[PDB]
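> Got a file for you: final-v3.pdb, PDB, C-alpha atoms (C1' of nucleotides).
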ATOM      1  CA  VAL A 303      30.853 -85.601 -40.330  1.00  0.00           C
ATOM      2  CA  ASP A 304      33.907 -83.457 -39.587  1.00  0.00           C
ATOM      3  CA  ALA A 305      33.003 -81.166 -42.481  1.00  0.00           C
ATOM      4  CA  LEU A 306      29.400 -80.999 -41.268  1.00  0.00           C
ATOM      5  CA  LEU A 307      30.277 -80.093 -37.678  1.00  0.00           C
ATOM      6  CA  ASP A 308      33.254 -77.699 -37.790  1.00  0.00           C
ATOM      7  CA  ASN A 309      34.178 -77.270 -41.466  1.00  0.00           C
ATOM      8  CA  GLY A 310      37.676 -75.771 -41.597  1.00  0.00           C
ATOM      9  CA  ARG A 311      39.270 -77.770 -38.792  1.00  0.00           C
ATOM     10  CA  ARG A 312      39.787 -80.442 -41.460  1.00  0.00           C
ATOM     11  CA  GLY A 313      42.888 -80.400 -43.650  1.00  0.00           C
ATOM     12  CA  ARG A 314      40.949 -78.222 -46.085  1.00  0.00           C
ATOM     13  CA  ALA A 315      37.392 -76.929 -46.083  1.00  0.00           C
ATOM     14  CA  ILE A 316      35.096 -78.134 -48.850  1.00  0.00           C
ATOM     15  CA  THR A 317      33.394 -75.699 -51.211  1.00  0.00           C
ATOM     16  CA  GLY A 318      30.904 -75.696 -54.056  1.00  0.00           C
ATOM     17  CA  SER A 319      31.972 -72.395 -55.588  1.00  0.00           C
ATOM     18  CA  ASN A 320      35.101 -70.380 -56.362  1.00  0.00           C
ATOM     19  CA  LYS A 321      36.945 -71.589 -53.241  1.00  0.00           C
ATOM     20  CA  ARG A 322      34.273 -70.212 -50.920  1.00  0.00           C
ATOM     21  CA  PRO A 323      34.219 -72.696 -48.009  1.00  0.00           C
ATOM     22  CA  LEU A 324      30.828 -73.829 -46.755  1.00  0.00           C
ATOM     23  CA  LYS A 325      29.643 -72.540 -43.386  1.00  0.00           C
ATOM     24  CA  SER A 326      29.110 -75.258 -40.780  1.00  0.00           C
ATOM     25  CA  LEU A 327      27.101 -75.375 -37.565  1.00  0.00           C
ATOM     26  CA  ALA A 328      30.066 -74.249 -35.468  1.00  0.00           C
ATOM     27  CA  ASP A 329      30.707 -71.525 -38.039  1.00  0.00           C
ATOM     28  CA  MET A 330      27.126 -70.311 -37.641  1.00  0.00           C
ATOM     29  CA  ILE A 331      27.312 -70.365 -33.838  1.00  0.00           C
ATOM     30  CA  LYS A 332      30.421 -68.218 -33.364  1.00  0.00           C
ATOM     31  CA  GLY A 333      31.980 -65.408 -35.364  1.00  0.00           C
ATOM     32  CA  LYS A 334      31.346 -61.706 -35.805  1.00  0.00           C
ATOM     33  CA  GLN A 335      28.591 -62.711 -38.232  1.00  0.00           C
ATOM     34  CA  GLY A 336      27.498 -65.493 -35.885  1.00  0.00           C
ATOM     35  CA  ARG A 337      24.239 -65.614 -33.983  1.00  0.00           C
ATOM     36  CA  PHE A 338      25.621 -64.313 -30.678  1.00  0.00           C
ATOM     37  CA  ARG A 339      26.843 -60.945 -31.973  1.00  0.00           C
ATOM     38  CA  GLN A 340      24.605 -60.749 -35.048  1.00  0.00           C
ATOM     39  CA  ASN A 341      21.060 -61.493 -33.845  1.00  0.00           C
ATOM     40  CA  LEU A 342      20.994 -61.851 -30.032  1.00  0.00           C
ATOM     41  CA  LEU A 343      23.207 -59.103 -28.597  1.00  0.00           C
ATOM     42  CA  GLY A 344      22.277 -56.719 -31.403  1.00  0.00           C
ATOM     43  CA  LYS A 345      19.071 -57.086 -33.398  1.00  0.00           C
ATOM     44  CA  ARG A 346      17.225 -54.913 -35.884  1.00  0.00           C
ATOM     45  CA  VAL A 347      14.186 -53.230 -34.342  1.00  0.00           C
ATOM     46  CA  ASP A 348      10.883 -52.067 -35.784  1.00  0.00           C
ATOM     47  CA  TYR A 349       9.521 -48.559 -35.204  1.00  0.00           C
ATOM     48  CA  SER A 350      12.811 -46.915 -36.129  1.00  0.00           C
ATOM     49  CA  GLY A 351      14.306 -44.889 -38.939  1.00  0.00           C
ATOM     50  CA  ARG A 352      17.230 -42.717 -39.917  1.00  0.00           C
TER
ATOM     51  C1'   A B   1     -98.158 -89.250 -58.245  1.00  0.00           C
ATOM     52  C1'   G B   2     -98.894 -93.165 -53.411  1.00  0.00           C
ATOM     53  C1'   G B   3     -95.453 -96.700 -51.802  1.00  0.00           C
ATOM     54  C1'   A B   4     -90.973 -98.954 -52.082  1.00  0.00           C
ATOM     55  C1'   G B   5     -86.173 -99.246 -53.657  1.00  0.00           C
ATOM     56  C1'   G B   6     -82.242 -96.562 -55.757  1.00  0.00           C
ATOM     57  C1'   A B   7     -14.114 -70.579 -49.680  1.00  0.00           C
ATOM     58  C1'   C B   8     -11.710 -67.919 -44.692  1.00  0.00           C
ATOM     59  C1'   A B   9      -6.904 -66.485 -44.117  1.00  0.00           C
ATOM     60  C1'   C B  10      -2.257 -64.270 -47.170  1.00  0.00           C
ATOM     61  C1'   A B  11       2.670 -58.741 -49.215  1.00  0.00           C
ATOM     62  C1'   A B  12       9.767 -59.335 -51.625  1.00  0.00           C
ATOM     63  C1'   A B  13      16.622 -62.734 -48.359  1.00  0.00           C
ATOM     64  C1'   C B  14      21.400 -64.460 -47.982  1.00  0.00           C
ATOM     65  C1'   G B  15      26.593 -64.955 -49.008  1.00  0.00           C
ATOM     66  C1'   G B  16      30.522 -63.044 -51.282  1.00  0.00           C
ATOM     67  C1'   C B  17      33.273 -58.890 -54.236  1.00  0.00           C
ATOM     68  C1'   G B  18      33.803 -53.710 -55.161  1.00  0.00           C
ATOM     69  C1'   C B  19      33.036 -48.580 -54.109  1.00  0.00           C
ATOM     70  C1'   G B  20      31.465 -44.675 -51.101  1.00  0.00           C
ATOM     71  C1'   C B  21      29.889 -41.976 -46.683  1.00  0.00           C
ATOM     72  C1'   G B  22      30.191 -40.966 -41.683  1.00  0.00           C
TER
END
Would you mind writing the file's structure down as structure tokens?

Amino acid sequence: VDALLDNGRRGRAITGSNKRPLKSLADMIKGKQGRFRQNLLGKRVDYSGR
RNA sequence: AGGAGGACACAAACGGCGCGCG
């Protein structure tokens, strides 16, 4: 349950690849790649180009 | 003779590593 909630606060994060720890719910909530700064504050918009 | 009867709808995703540009 600890690994499911806030993976990384444990002694060591679990992984299923070359030592790439699995992202948890708390990992998805916060962070520069998290929802707050990735999809809510700044979001990709249609009707645009470059 | 007479007479009688007789299927609609429906268009490609997510995480690393590297490089590069503003």
> Run through the PyMOL selection byres ((chain A) within 12 of (chain B)) on the given coordinates and return the selected residues as a PDB file with C-alpha atoms, keeping the file's coordinate frame.

ATOM      1  CA  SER A 319      31.972 -72.395 -55.588  1.00  0.00           C
ATOM      2  CA  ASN A 320      35.101 -70.380 -56.362  1.00  0.00           C
ATOM      3  CA  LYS A 321      36.945 -71.589 -53.241  1.00  0.00           C
ATOM      4  CA  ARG A 322      34.273 -70.212 -50.920  1.00  0.00           C
ATOM      5  CA  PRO A 323      34.219 -72.696 -48.009  1.00  0.00           C
ATOM      6  CA  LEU A 324      30.828 -73.829 -46.755  1.00  0.00           C
ATOM      7  CA  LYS A 325      29.643 -72.540 -43.386  1.00  0.00           C
ATOM      8  CA  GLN A 335      28.591 -62.711 -38.232  1.00  0.00           C
TER       9      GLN A 335
END
> I'd like to know which of A:341, A:312, A:347, A:352 is closest to residue 326 (chain A), using only C-alpha atoms.
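Closest candidate: A:312.
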> Identify which of the residues A:313, A:308, A:344, A:303 lies closest to residue 331 (chain A), counting all atoms listed in the file when measuring atom-to-atom distances.
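Closest residue, counting all atoms listed in the file: A:308.
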> Provide the CA of residue 336 (chain A) to CA of residue 306 (chain A) distance in Å, to one decimal place.
16.5 Å
> Taking all atoms of region 1-6 of chain B that the file lists and extending 8 Å past them on each side, where is the centre of the axis-aligned box and how long are its edges? Answer in Å to one decimal, as JSON.

{"center_x": -90.6, "center_y": -94.2, "center_z": -55.0, "size_x": 32.7, "size_y": 26.0, "size_z": 22.4}
> For CA of residue 315 (chain A) and CA of residue 337 (chain A), quote the distance in Å rounded to one decimal.
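Interatomic distance here is 21.2 Å.
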